[PDB]
Amino acid sequence: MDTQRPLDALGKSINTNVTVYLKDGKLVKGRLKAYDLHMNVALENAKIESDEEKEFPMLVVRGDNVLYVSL
Amino acid sequence: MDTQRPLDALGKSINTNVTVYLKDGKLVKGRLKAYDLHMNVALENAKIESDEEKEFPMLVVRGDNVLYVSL
Amino acid sequence: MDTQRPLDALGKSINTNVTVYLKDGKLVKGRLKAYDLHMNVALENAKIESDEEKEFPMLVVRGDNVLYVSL
Amino acid sequence: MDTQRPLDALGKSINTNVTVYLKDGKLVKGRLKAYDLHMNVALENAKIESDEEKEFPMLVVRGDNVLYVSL
Amino acid sequence: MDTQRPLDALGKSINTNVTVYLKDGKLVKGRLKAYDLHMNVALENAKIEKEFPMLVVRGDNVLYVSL
Amino acid sequence: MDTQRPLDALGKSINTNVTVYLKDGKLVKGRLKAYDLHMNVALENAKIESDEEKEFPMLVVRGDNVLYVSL
Amino acid sequence: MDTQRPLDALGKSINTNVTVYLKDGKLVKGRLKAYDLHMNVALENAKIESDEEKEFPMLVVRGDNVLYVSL
């Protein structure tokens with residue numbers, strides 16, 4: 001919420017549920033454990049709206065795939 | 001304003017609402033809370049005029065997705 | 001005018017009326033207020049050849065969307 | 001597990017079966033042996049689950065193809 | 001001319017008419033006024049196969065340039 | 001086999017045959033003579049399994065085309 | 001020849017004819033005059049195996065279009 005570091009908002013959501021929106025249209029929801037200046041994120045217990053059936057204990061998402069993150 | 005820092009026009013619009021046009025045709029509307037030189041933006045109470053229904057309390061939009069931004 | 005700095009041509013055209021060509025076939029017209037070495041540009045009173053009706057008092061285009069800028 | 005280094009998840013998973021989802025839609029599962037900050041990965045005995053039969057003793061994946069890696 | 005520096009060919013062609021080929025199949029021809037290391041070019045009196053008195057082309061759009 | 005340098009598995013494969021898959025779908029086999037950190041590779045007597053007919057005494061591939069290299 | 005600089009095979013082949021394939025399929029062959037670490041190349045008397053009719057006395061190819069170069 002400092003006016004020059006929009007990614008501070010991901011720091012203020014560490015260990016909360018977030019929803020990462022990818023460019024292809026996928027949605028990955030999970031517990032945000034980490035992020036970096038590329039917008040790579042570590043998501044704990046992640047689920048994709050798409051496949052439903054499968055759950056991912058730990059998922060690491062390459063930041064250049066990212067549309068936006070809903071905090 | 002300053003002819004060499006165009007991203008300062010975002011400066012003149014912080015804590016107001018702005019429309020962020022993305023490359024994939026999407027239009028994101030939100031309260032502008034932060035921005036860096038990647039054109040990453042933080043939007044408060046965001047709305048995509050695609051789905052229009054849900055307000056997102058906080059969207060962090062990755063910069064390379066931005067087409068142009070309406071201040 | 002300088003042979004190694006082509007974007008000086010945009011510095012010569014500040015507050016003149018320019019047309020920005022984007023990769024996706026769009027035409028963004030307006031008053032060039034600012035630019036940077038990424039080819040970001042701030043346009044005052046921007047209109048897009050597509051929408052016709054709506055003008056934009058301030059529009060910041062992200063540079064890697066730019067095909068060429070006409071002066 | 002540090003909040004500012006999501007790629008450290010990968011280090012905790014050396015010599016462990018991980019699944020590399022690519023932008024293509026391909027799936028590549030194998031034993032993680034090495035990784036860089038580009039998210040290039042070294043994969044011992046990988047198996048693209050599209051072509052199934054092919055055995056890849058050693059596979060090196062270019063990071064910028066990585067959609068996400070499931071640990 | 002120098003073997004390590006192919007962009008000097010643009011320099012050897014300043015104020016020469018050239019043709020700039022873009023990835024999308026467009027062609028832009030005109031007078032070469034300036035170029036940089038991203039391969040951004042400025043073109044005088046440019047025309048795409050209207051005429052633009054000055055056309056600044058972003059260098060990552062470039063397929064190749066015809067000298 | 002060092003955990004932080006997944007491209008070392010390439011160095012351990014010089015003067016040997018390799019298979020470079022390319023994002024466009026091509027498969028390119030040849031003896032690996034040289035590589036760098038962009039993943040540009042030099043191929044000796046290379047063969048595109050699609051083109052079949054043509055052989056290449058020397059092929060250098062630009063890394064940003066690499067999907068993955070099967071050693 | 002040198003294991004870390006695949007771009008030296010490009011230096012070994014200057015003032016000879018080479019073929020530059022491009023991501024759009026193009027075959028561009030010509031007399032190699034110069035290259036840089038981006039893999040930009042300047043070719044003398046270049047010919048596209050597509051257009052056939054028109055030869056270019058001097059062509060400068062932006063390296064990010066290169067797929068591979070034959071010798």
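Sequence lines set the chain letters: A, B, ... in the order given, protein chains first and strands last, and positions in each chain run from 1.
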Let me confirm one number: the OG1-CG distance from B/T3 to C/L32, rounded to the nearest 0.5 Å.
8.5 Å
Set of side-chain hydrogen bond (donor to acceptor under 3.5 Å, both in side chains) partners for G/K12, sequence neighbours left out:
none
Shortest non-hydrogen contact from G/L43 to G/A46?
CB-CB, 4.2 Å
Answer yes or no: does atom CD of G/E55 have more than 12 heavy-atom neighbours from other residues, nucleotides or ligands under 6.0 Å?
yes
Can C/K29 and C/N17 be counted as having a side-chain donor-acceptor contact under 3.5 angstrom?
no
Hey, does the side chain of C/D8 reach the backbone of C/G11 with a donor-acceptor pair shorter than 3.5 angstrom?
no
Do G/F56 and E/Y64 have ring centroids that are under 6.0 Å from one another?
yes
Do other residues, nucleotides or ligands put more than 12 heavy atoms under 6.0 Å from the CG atom of G/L37?
no
How about E/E49: does its CD atom have over 12 heavy atoms from other parts shown lying under 6.0 Å from it?
no
Minimum heavy-atom separation for E/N61 and C/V66, please, with both atom names.
ND2-O, 2.8 Å
If you take all heavy atoms of G/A42 and G/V60, which pair is closest and at what distance?
CB-CG2, 4.1 Å
Verdict with reasoning, F/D36 to G/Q4, per side chain to side chain donor-acceptor pair (under 3.5 Å)
CA-CA 5 Å; F/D36 56 18; G/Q4 301 175 356; over 6 Å; no
State whether the number of non-hydrogen atoms from other residues, nucleotides or ligands found under 6.0 Å of G/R31 atom CZ is greater than 12.
yes
Considering all heavy atoms of both residues, which atom of F/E44 and which atom of F/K33 are nearest to each other, and what is their separation?
OE2-NZ, 2.9 Å
Tell me whether G/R62 contacts the main-chain N or O of E/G59 through its side chain, where contact means a donor paired with an acceptor under 3.5 Å.
yes
Between the NZ atom in G/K26 and the CG atom in E/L63, the distance rounded to the nearest 0.5 Å is 5.0 Å
Heavy atoms of F/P6 and D/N40 approach each other most closely as CG-O, 3.8 Å
Criterion side-chain contact (heavy atoms from CB on, under 4.5 Å) on C/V61 and C/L22, from CA distance to verdict
CA-CA 9 Å; C/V61 186; C/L22 319 166; 3.7 Å; yes
Should C/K47 and C/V28 be marked as a side-chain contact (heavy atoms from CB on, under 4.5 Å) after you check the CA-CA gap, both sets of side-chain angles, and the distance that decides it?
CA-CA 6 Å; C/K47 76 179 106 85; C/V28 193; over 6 Å; no
Any donor-acceptor pair under 3.5 Å from C/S13 side chain to C/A9 backbone
yes
Can you establish whether the number of heavy atoms outside F/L27 located under 6.0 Å from its atom CG is more than 12?
yes
Are G/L71 and F/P57 packed together at the side-chain level, in the sense that at least one heavy-atom pair is separated by less than 4.5 angstrom?
yes
CD/C/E49 to OG1/C/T19 distance, rounded to the nearest 0.5 angstrom?
8.0 Å
Interatomic spacing from CG in G/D64 to NZ in G/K23 - rounded to 0.5 Å
6.0 Å
Rounded to the nearest 0.5 Å, how far apart are CG of G/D2 and CG of G/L7?
11.5 Å
So, taking the atom named CE in E/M54 and the one named CG in E/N45, what distance separates them when rounded to the nearest 0.5 Å?
7.5 Å
